[PDB]
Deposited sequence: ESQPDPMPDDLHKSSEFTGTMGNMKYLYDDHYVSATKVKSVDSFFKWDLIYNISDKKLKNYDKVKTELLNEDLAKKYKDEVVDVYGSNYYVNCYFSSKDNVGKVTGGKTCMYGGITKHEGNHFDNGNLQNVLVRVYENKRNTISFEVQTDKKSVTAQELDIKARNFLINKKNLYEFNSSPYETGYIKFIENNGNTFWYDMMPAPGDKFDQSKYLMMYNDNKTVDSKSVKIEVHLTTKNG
């Protein structure tokens, strides 16, 4: 069965986070690793794979390690020609040119694209206090895309158009992004940092561990947000 939707008590509250929201914003504001048609060249622990991917942007790294949920997943993509897309971190990024880390974000390259730079649109409906406020679409060059890639694109858009995350705190109290698959299966991710005065980026991103993928032409996305008072 699909994961049960969250109840108010199941969601992190931004008001219970006293750290700097800018550190959450950092992970989704025009921030991501992206490579096309590459193969792993190393592995630190058996559940991870290391790739030679350079930071065309600001030359901050040329080695990227992505950790997966288990050794089987790593074995699966170890010698595959794949594409990579995910949100990376540096704080507490460790493994034996700069280095950066991430979780999941792997998809087979072979026959997962659209001929002639065509991109697939994915619907995202935003709800604020239970009412649809804005709707839009994100795009991907993949038929089978990671939920992480779609999640990142949705938040990047919402940061710029709705200030989803600001330097200190957010306009919203709670928020979760839900994915609805055409087979009826649904799942969601909490968009707010855990309570306390510090945000562990690495721990937060670990959820992308499962390397969960969805069918881009049929999957639908819902972002449910709430303001403290309404």
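According to the record, C-alpha coordinates are lacking for deposited residues 97-105 and nowhere else.
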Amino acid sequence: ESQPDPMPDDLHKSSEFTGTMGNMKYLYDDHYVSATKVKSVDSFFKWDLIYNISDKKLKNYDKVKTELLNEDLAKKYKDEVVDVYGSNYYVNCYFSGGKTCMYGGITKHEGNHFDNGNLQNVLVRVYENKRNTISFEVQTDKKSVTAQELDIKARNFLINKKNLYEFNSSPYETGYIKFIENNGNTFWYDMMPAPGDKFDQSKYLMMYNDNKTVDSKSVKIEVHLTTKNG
From here on, numbers count along this sequence of modelled residues.
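Stretch comparison (148-156 versus 107-115) by mean CA B-factor in the PDB entry places 107-115 on top.
When 62-70 is weighed against 167-175, 167-175 comes out higher, by mean CA B-factor as recorded in the entry. Residues shown: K203, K46, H31, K56. Highest C-alpha temperature factor in the entry: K56. Among all modelled residues in this chain, the alpha-carbon of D190 has a temperature factor (C-alpha) in the lowest third. Ranked by Cα temperature factor within the chain, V219 sits in the middle third according to the deposited record. When the modelled residues of the chain are ordered by their C-alpha B factor, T140 lands in the highest third. Among the modelled residues of the chain, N88 sits in the lowest third by CA temperature factor in this PDB entry. In the deposited entry, the Cα temperature factor of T100 sits in the bottom third of values across the chain's modelled residues.
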